[PDB]
Amino acid sequence: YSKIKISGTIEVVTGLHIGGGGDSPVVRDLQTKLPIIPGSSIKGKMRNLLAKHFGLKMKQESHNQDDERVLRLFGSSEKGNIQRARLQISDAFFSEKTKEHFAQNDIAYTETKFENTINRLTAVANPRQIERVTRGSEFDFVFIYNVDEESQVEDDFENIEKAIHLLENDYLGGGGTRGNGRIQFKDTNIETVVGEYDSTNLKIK
Amino acid sequence: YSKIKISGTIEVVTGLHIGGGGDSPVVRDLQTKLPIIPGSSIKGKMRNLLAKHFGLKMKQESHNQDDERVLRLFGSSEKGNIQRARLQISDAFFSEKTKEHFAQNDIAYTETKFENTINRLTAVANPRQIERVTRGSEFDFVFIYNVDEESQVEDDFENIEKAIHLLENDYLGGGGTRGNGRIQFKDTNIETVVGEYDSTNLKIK
Amino acid sequence: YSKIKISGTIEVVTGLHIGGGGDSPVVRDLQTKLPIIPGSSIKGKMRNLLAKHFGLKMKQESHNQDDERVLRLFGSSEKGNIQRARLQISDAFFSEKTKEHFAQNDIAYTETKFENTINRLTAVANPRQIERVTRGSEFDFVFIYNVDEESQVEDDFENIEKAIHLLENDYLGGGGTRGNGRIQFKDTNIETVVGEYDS
Amino acid sequence: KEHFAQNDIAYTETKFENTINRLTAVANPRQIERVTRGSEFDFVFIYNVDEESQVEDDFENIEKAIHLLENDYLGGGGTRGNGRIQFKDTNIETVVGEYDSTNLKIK
Amino acid sequence: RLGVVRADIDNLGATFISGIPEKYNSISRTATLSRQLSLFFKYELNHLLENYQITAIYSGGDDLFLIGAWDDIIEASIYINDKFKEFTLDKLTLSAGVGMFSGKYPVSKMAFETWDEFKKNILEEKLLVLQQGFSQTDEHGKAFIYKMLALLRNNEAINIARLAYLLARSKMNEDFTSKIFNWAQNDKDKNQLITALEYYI
Amino acid sequence: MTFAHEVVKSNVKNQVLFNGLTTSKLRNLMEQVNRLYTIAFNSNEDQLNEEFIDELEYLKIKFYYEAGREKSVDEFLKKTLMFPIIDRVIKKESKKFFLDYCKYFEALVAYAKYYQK
Amino acid sequence: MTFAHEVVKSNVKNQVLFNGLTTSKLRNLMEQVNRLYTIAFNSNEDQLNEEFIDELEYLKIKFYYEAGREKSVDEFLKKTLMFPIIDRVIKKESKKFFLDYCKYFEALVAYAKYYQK
RNA sequence: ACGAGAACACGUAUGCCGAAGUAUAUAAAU
């Protein structure tokens, strides 16, 4: 039995809007009053895109049943063919380096982007204001992958590597089509935390 | 489920004035505190123009339900229809060459141009100052295209081509009718970041 | 849907001073540090003169509601009725040939004109200064007309042509009364750029 | 408790969640009550060593157990991003009998 | 969840023995009093329950042990109190309690768990106006109400300000929001509004 | 000092508030105060760092500027005793009093938002 | 520091400002400052490049020319020790000091705009 | 030789989906 640790940081290329608190703020940690990326967000977007990668039936879409490989990665355990989840996606915390950097250069953590909208037949503007996490800020993320079957390790890592790439080109949070929240990963790393299983040949771009 | 990446470069013909942040400043970023064109403007302008290009009824002008092919391109998912956007527009950034050349010529990125609003039956020209980005500057942009269906990429790309040309002989930003916002597109490149789709016969100009 | 391009070139005929930046300088294009004509100026001289040639009621002046042809031609939406600007006037810049000729003939780009002040009963000479753009220079401009009705294009274009003549006879910029603002237009070119419209 | 009262921090967070139907792309709001980040719990374990010649073994095992938990979660949604805990300031004392405990170690 | 209501006649010990002092304490007469009480508690309990999703579990003597749907249980309990106050001519009173228990619980453990103020003020006044407002304004899900609950449950003045602002961010009619704010100011009316909204879900 | 917090209801005139004060011209103040509040949250001890103090100085500078730009905001700041309390906070250099001030400002702001055209 | 507020309040004379100084009479100055500022922001290290030192001399040249052109600007700059400050900046060549300068000058502008006709 | 003894309130899903900081108005009368 082994547990495999993946570490790295998330770099916000363009502003991020997780925004679960609902003007229209972003999710914040309550001990530091700083932005967070709840692991539900990352994990769900990864599942969603990686599922869309493989063939999904209309009935499969309605019943949330997905491909066998993605499901084995993420677990359904809903009916019948149960599958215990396998990769636990932790949350993200606003890393220390970026906090110090912004303090030193006196940079806000979060901006209030003002946006507008022209309804038709009236052309009348109705404004809005939306909070966005300042770009270039870095989050720390931690993934813990479990080996329920030794045979399948590189294949599962390759699957989540494709999901990582899909997240980078696409977006998290809201305003994704409107420009918000394209992200990149930096300084990834793997190290076997429990077990006796090597992780050197493993890689995630 | 492949993704086609589009890169290009916005060259500003006349002054450019977003003015999101406002005596009323334009949208200027926070990590570099250099102005950027928030994608939300880009997508909105391109969308409104392309909607105008197809048919548009007063009842259609009521509540922003638009022509179906545009809808597939940008997504509404409003009348209980399943439509996630297949083309996401990101933000634009003050690319490095611009900053370099301006520094080695000692030129500002942003001008303040003063206007005299004349009042009829008053003969008083009141001075209003508008801040607009200097001419000849450039930004870099990335668009992401998603292939939800294989045999529709070409048809959607034809609509994109029309909308891209529409932006070159229109104004993007604020109040263009006073002659500010003319832009152009250069150095278009098309790549498929993720997937097995060919984008060589595919072109945007 | 269709878009109509207008390409043309203004030649300056009398000394010219717009002087937005105001010893009272003129506007300048910062990437070239060269004079420009802020197309806002074109728009304003245009609309003001056109209102003058059409009905301009004193009440209409007070309420800034302009003549319906004028308002539709340039878009206002100040009386509550949604109206989109049907023509855009952009800025304009020096022509390549104009700049080349200036360098070849060593022609200065700007002139400082002294304006002497003489007071009756005292005749006390206090010169003032003002800057003018070199006369005879030419800028390249663009007018972009948008089609919103295939039947209104002809009427709108007719108004634009008559207005171009009015702009030529009048003065553009400040100090029009003293001899600053007479420009001509040359090399008008018409070519629709988007759509299937016959021009 | 004293830190939170001083800093005026609520003890419990209410996280908003959402779920997306596929083939519908509709939004279904969810609410999960989570304990606040950074709070500390004082825990007590009692190990009655019924066999002197095995206790070392047992503690090794308990060690591994603790270790696993260190990189895992408790409770619900642990795959979904909550429940990671940490162990600090562990001290081991003998309280019944006359058995030494100066060499047993748990992180 | 299920609702369970248990009720006992308060002054039944005195009514059965002392009853009417000194002049009508005939054996036949207390018998007839017993007879009336019996017939009520075994017949009206049948008749009145018609419109409630309730099964009669234990009725008799002075013990009323009823279980059913939470809302239905509360409503019928109100109905039964009023009907009793009619039939007892406001001479005998009942004490009753309602507890909400999860389904499939061992009822042997539920049982050991277990007026006009409640009817007129909470249900009749606050509950209806809150219901109307939430009818008029949609999207106001358990998130919005739950934020309200959080605001009320922490009884501090800054929380009063927070409640004011949150109400401001809604789009409910000014009269509705002002009534909620005024109710929150009063400790009694806040406790009543809290109870009404807890019933709301 | 809470009389200055419920005076906002005392300044509801006819139909403008604080002579037409709107949250559109006060949003900058909220953002600046919140930015310093997060820095104070990061701070662990009571004694404020000097750079934090200079941040307070910049805050008051912004207060004066905003009062200069707009008249209703100027009335708000003066009539609510904003500058004296700011200087007092600067004088006390204590975190806890600063949090108290932020709560006061928050109450002012929120109550103001409750009443708006 | 904030010796700026003292200078402006002392210059409230008889309702003239520094003998009639106005903010629109400072515009290019601040504009120039702002330009340097954002450039100053983009840099990382505290050692200021020779080009930025030349731009600091250019800012001083602007100040000297503006003081020579307008007598009121001259009084303002003279009393405010602005030229001393700039010279000291040029001597120091340190980014943090420059940022402090930016804050001080911006405060000056804000306070002056606080008391205007 | 305690109405005891064993028993993770677990397993699935995130804040989405659309909205253009927009609408005219001469750096001006010597």
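S.K.: I'd like a rundown of the overall build of chain C, residues and numbers included.
M.R.: Per the secondary structure count, chain C includes five helices and six strands. When each of the 199 residues of chain C is scored for burial, the buried share is 42%. As displayed, chain C offers around 11,600 Å² of accessible surface, 45% of which is attributable to carbon and sulfur atoms. Positive and negative charge centroids in chain C, built from 26 and 31 side chains respectively, lie 8 Å apart.

S.K.: Explain the sheet that holds strand β4 (residues 94–101) of chain E to me, using residue names and the numbers behind them.
M.R.: Residues and elements named next belong to chain E. Strands sit in the order β2-β3-β1-β4 across an open sheet of four strands; the sheet is antiparallel. At either end of the open sheet lies a strand with only one pairing partner, and these are β2 (54–60) and β4. Ignoring strand direction, the axes of neighbouring strands in this sheet form an average angle of 15 degrees. Of the strand pairs in this sheet, strand β1 (residues 2–9) and β4 are connected by eight bridges, and their pairing is antiparallel.

S.K.: Would you mind going over the protein's contact with RNA strand H in detail, with residue names and values included?
M.R.: Residues in close proximity to RNA strand H total 103 residues, the closest being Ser40, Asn48 and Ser77 of chain B, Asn48 of chain C together with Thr79 of chain D. Taken together, the sugar and phosphate atoms account for 63% of what RNA strand H places within 4 Å of the protein. Note that a base nitrogen of RNA strand H is positioned 3.5 Å from one of the backbone N or O atoms of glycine 20 of chain B. Secondary structure elements with two or more residues in the surface near RNA strand H: α1 (39–53) and β5 (110–115) of chain A, α1 (39–53), β4 (110–119) and β5 (124–133) of chain B, α1 (39–53) of chain C together with β1 (12–20) and β2 (27–35) of chain D.

S.K.: Describe a negative patch on the surface, listing the residues and the values that go with them.
M.R.: On the surface, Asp106 of chain A, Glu50, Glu51 and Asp54 of chain F together with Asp100 of chain G cluster together to form a negatively charged patch. Per-element tally for the negative patch: the top contributor is helix α3 (residues 50–69) of chain F, with three residues.

S.K.: So what's going on with the packing of helix α6 (residues 142–153) of chain E against helix α9 (residues 187–200) of chain E? Residues and values would help.
M.R.: Residue and element names in this part refer to chain E. As a packed pair, α6 and α9 sit with axes 11 Å apart at the nearest point and diverge in direction by 150 degrees. Compared by their axis directions, α6 and α9 come out roughly antiparallel. The two elements α6 and α9 meet at a crossing, and its hand is left-handed. Side by side, α6 and α9 meet where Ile145, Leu149 and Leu152 of the first sit next to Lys190, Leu193, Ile194, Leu197, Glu198 and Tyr200 of the second.

S.K.: So what's going on with the packing of aromatic side chains? Which residues, and what values?
M.R.: Overall, the coordinates contain 41 aromatic pairs over all chains when judged by the stated rule. Here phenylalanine 94 of chain B and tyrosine 109 of chain B contribute two aromatic rings whose centre-to-centre distance is 4.8 Å and whose plane-to-plane angle is 80 degrees, an arrangement assigned as edge-to-face. A residue pair is termed long-range when its members are at least 10 positions apart, and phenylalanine 94 of chain B in strand β3 (residues 93–94) and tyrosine 109 of chain B in the loop between α3 (96–103) and β4 qualify at 15 residues. By relative accessible area, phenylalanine 94 of chain B is classed as buried at 9%. Between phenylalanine 18 of chain F and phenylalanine 76 of chain F, the ring centres sit 5.3 Å apart and the planes meet at 85 degrees, which makes this aromatic pair edge-to-face. Taken together, the residues span a long stretch of sequence, with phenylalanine 18 of chain F in the loop between α1 (3–10) and α2 (27–42) and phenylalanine 76 of chain F in helix α4 (residues 71–79) at a distance of 58 residues.

S.K.: Tell me what's going on with the side chain of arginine 132 of chain B, and back it up with residues and numbers.
M.R.: Inspection of the secondary structure assignment puts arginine 132 of chain B in strand β5. The exposure class of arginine 132 of chain B is buried, given its relative accessible area of 4%. At 3.2 Å, the side chain of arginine 132 of chain B forms a polar contact with the side chain of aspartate 91 of chain C. Leaving out residues up to four positions away in the same chain, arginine 132 of chain B has contacts with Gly15, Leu16, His17, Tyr109, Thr110, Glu111, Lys113 and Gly179 of chain B together with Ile36 and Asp91 of chain C.

S.K.: Break down the side chain of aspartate 29 of chain C for me, with residues and values.
M.R.: Within the fold, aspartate 29 of chain C resides in the loop between β1 (2–12) and α1. If near-sequence neighbours (up to four positions away) are discounted, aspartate 29 of chain C is found in contact with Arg135 of chain B together with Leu34, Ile36 and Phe93 of chain C.

S.K.: Summarise the interface of chain B and chain A; cite the residues concerned and give the values.
M.R.: Each partner contributes residues to the interface: chain B has 31 residues there, and chain A has 26 residues. Between chain B and chain A the total buried area reaches about 2,700 Å² when both faces are included, carbon and sulfur atoms providing 56% of it. Looking at the side of chain B facing chain A, the largest losses of area belong to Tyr1, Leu30 and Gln31 of chain B, adding up to 24% of the total buried there. Between chain B and chain A we count four salt bridges in total. Linking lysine 52 of chain A and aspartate 148 of chain B is a salt bridge whose minimum nitrogen-to-oxygen distance equals 3.6 Å.

S.K.: How would you summarise the sheet that holds strand β2 (residues 28–29) of chain A if you had to cite specific residues and measurements?
M.R.: Residues and elements named next belong to chain A. Strand order in the open sheet formed by six strands is β2-β3-β4-β7-β1-β8, and the pairing between neighbours is antiparallel. Each edge of the sheet is formed by a strand with only one pairing partner; in this case those strands are β2 and β8 (183–194). The sheet contact formed by strand β3 (residues 34–37) and strand β4 (residues 87–94) spans two bridges and is antiparallel. If you follow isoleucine 37 over to β4, its bridge partner there is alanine 92. Set on the sheet, helix α5 (residues 154–169) makes contact with β1 (3–12), β4, β7 (138–146) and β8; between it and β8 the angle comes to about 155 degrees.

S.K.: Talk me through unusual backbone geometry; I want residue IDs and the actual numbers.
M.R.: Phi is mostly negative for residues that are not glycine, and the peptide bonds are mostly trans. At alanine 25 of chain D, a position not held by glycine, the phi torsion is positive, near 55 degrees. With respect to the helices, strands and loops of the structure, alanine 25 of chain D is situated in the loop between β1 and β2. One non-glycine residue, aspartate 90 of chain E, lies in the positive phi region at around 65 degrees. Counting through the fold element by element, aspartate 90 of chain E comes out in the loop between α3 (70–87) and β4. Taking relative accessible area as the criterion, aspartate 90 of chain E reaches 49% and is therefore assigned partly exposed.

S.K.: Any chance you could break down a nonpolar patch on the surface for me, citing the residues and the numbers?
M.R.: Taken together, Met58 of chain A, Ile82 of chain B together with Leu23 of chain D make up a surface patch of nonpolar side chains, about 280 Å² in accessible area. Secondary-structure assignment places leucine 23 of chain D in the loop between β1 and β2.

S.K.: Pulling in residues and values, what's your account of the arrangement of the chains?
M.R.: Nothing in chain C touches chain D; the tightest C-alpha to C-alpha distance between them is still 33 Å. You won't find any contact between chain B and chain E; their C-alpha atoms come no closer than 16 Å.

S.K.: An account of the nonpolar core is requested, with residue identities and associated values reported.
M.R.: Ranked by internal contacts, the top residues of the largest apolar core, which has 103 residues, are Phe63, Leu77, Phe98 and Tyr101 of chain F together with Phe63, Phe98 and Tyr101 of chain G. Considering every element that reaches this core, the biggest residue donor is helix α6 (residues 95–114) of chain G, with 11 residues. For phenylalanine 63 of chain G, the residues in contact, after removing those within four places along its chain, are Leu29, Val33, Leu77, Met82, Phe83, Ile86 and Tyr101 of chain G.

S.K.: Could you give me a rundown of empty space enclosed by the protein, with the residues and numbers involved?
M.R.: The space that makes up the largest cavity amounts to roughly 150 Å³. Taken together, 16 residues line the largest cavity, and the ones lying closest to its centre are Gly15, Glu111 and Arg132 of chain A together with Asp29 and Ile36 of chain B. Of all elements in the fold, only β5 and β6 (128–133) of chain A reach the threshold of two or more residues within the lining of the largest cavity. Partitioning the lining of the largest cavity into residue classes produces six nonpolar, three polar and seven charged.

S.K.: Which residues make up the pairing of β4 of chain B, and what values do they have?
M.R.: All names here are of chain B. As judged from the 10 bridges shared by β4 and β5, these two strands associate in the antiparallel manner. The partner of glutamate 111 across the bridge, within β5, is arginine 132. Here β4 folds back onto β5, and the loop between the two strands holds four residues, one of which, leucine 121, carries a positive phi near 60 degrees.

S.K.: Residue-level account of the packing of α3 of chain F against helix α5 (residues 82–92) of chain F, with values.
M.R.: Residues and elements named next belong to chain F. In contact at an axis separation of 10 Å, α3 and α5 are set at 170 degrees when each is read in the N-to-C sense. As judged from the angle between their axes, α3 and α5 are roughly antiparallel. Each of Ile53, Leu56, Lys60, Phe63, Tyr64 and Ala67 in α3 lies in contact with α5, whose residues at this interface are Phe83, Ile86, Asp87 and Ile90. Per-class residue counts for the contact of α3 with α5 are eight nonpolar, no polar and two charged.

S.K.: Give me the UniProt feature "binding site: Ca(2+) 2" (unreviewed entry) in chain C: which residues, what numbers.
M.R.: All names here are of chain C. UniProt records the feature "binding site: Ca(2+) 2" (unreviewed entry) at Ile190, using the numbering of this structure. Tracing the backbone through its elements, the reader meets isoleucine 190 in strand β6 (residues 183–194). Contact partners of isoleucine 190, with chain neighbours within four places excluded, come to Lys5, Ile6 and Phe157.

S.K.: How would you sum up the environment of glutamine 136 of chain E? Please name residues and give values.
M.R.: Considering the arrangement of structural elements, one finds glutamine 136 of chain E in helix α5 (residues 116–136). In sequence terms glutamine 136 of chain E and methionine 172 of chain E are 36 residues apart; their C-alpha atoms lie 7.7 Å from each other.

S.K.: Go over α6 of chain E with me, naming the residues and quoting the values.
M.R.: Between the first and last C-alpha of α6 of chain E there are 15 Å, a value that for 12 residues agrees with the 16 Å anticipated at 1.5 Å per step. For α6 of chain E, the secondary structure elements touched by its buried residues are α5, α7 (157–169), α8 (174–185) and α9 of chain E.

Thresholds, definitions, all that
- Residues numbered from 1 in each chain as written, not as in the entry; some residues may be left out.
- Chains lettered and ligands numbered in written order.
- Part of a larger assembly, values for the part shown.
- Heavy atoms only, no water.
- Helix = DSSP H or I, 4+ residues; strand = E, 2+ residues; numbered from the N terminus.
- Buried < 20%, exposed > 50% of the residue type's maximum accessible area, 1.4 Å probe, protein only.
- Areas by Shrake-Rupley, 256 points an atom, 1.4 Å probe, with all protein chains shown as cover.
- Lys, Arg positive; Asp, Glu negative; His and termini not counted.
- Charge placed at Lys NZ, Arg CZ, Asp CG, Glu CD.
- Pairing = 2+ DSSP bridges.
- Axes fitted to C-alpha atoms, helices over the stretch in contact; angles between N-to-C directions.
- Near = heavy atom within 4 Å.
- Polar contact = N/O pair within 3.5 Å; in protein donor to acceptor, adjacent residues only side chain to side chain.
- Patch = residues over 30% accessible without salt bridge, like charges linked within 9 Å, V, L, I, M, F, W, Y side chains within 5 Å.
- Salt bridge = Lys/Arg side-chain N within 4 Å of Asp/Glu carboxyl O.
- Parallel < 35°, antiparallel > 145°, perpendicular 65-115°, else oblique.
- Left-handed = near helix turned anticlockwise from the far one by under 90°.
- Contact = heavy atoms within 4.5 Å.
- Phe/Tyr/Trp six-rings, centres within 6.5 Å; stacked < 30°, edge-to-face > 60°.
- Buried area = accessible area lost by both parts, 1.4 Å probe.
- Core = buried A, V, L, I, M, F, W, Y, C linked by side-chain atoms within 4.5 Å.
- 1 Å grid on protein atoms, 1.4 Å probe; cavity = no way out; pocket = protein on both sides within 12 Å on 5 of 7 lines; lining within 4 Å.
- Points joined across faces, edges and corners; volume = space filled by probe spheres on them.
- Nonpolar A, V, L, I, M, F, W, Y, C, P; charged D, E, K, R; others polar.
- UniProt positions renumbered as here; feature names shortened; annotations may be inferred.
- Expected span 1.5 Å × (residues − 1).

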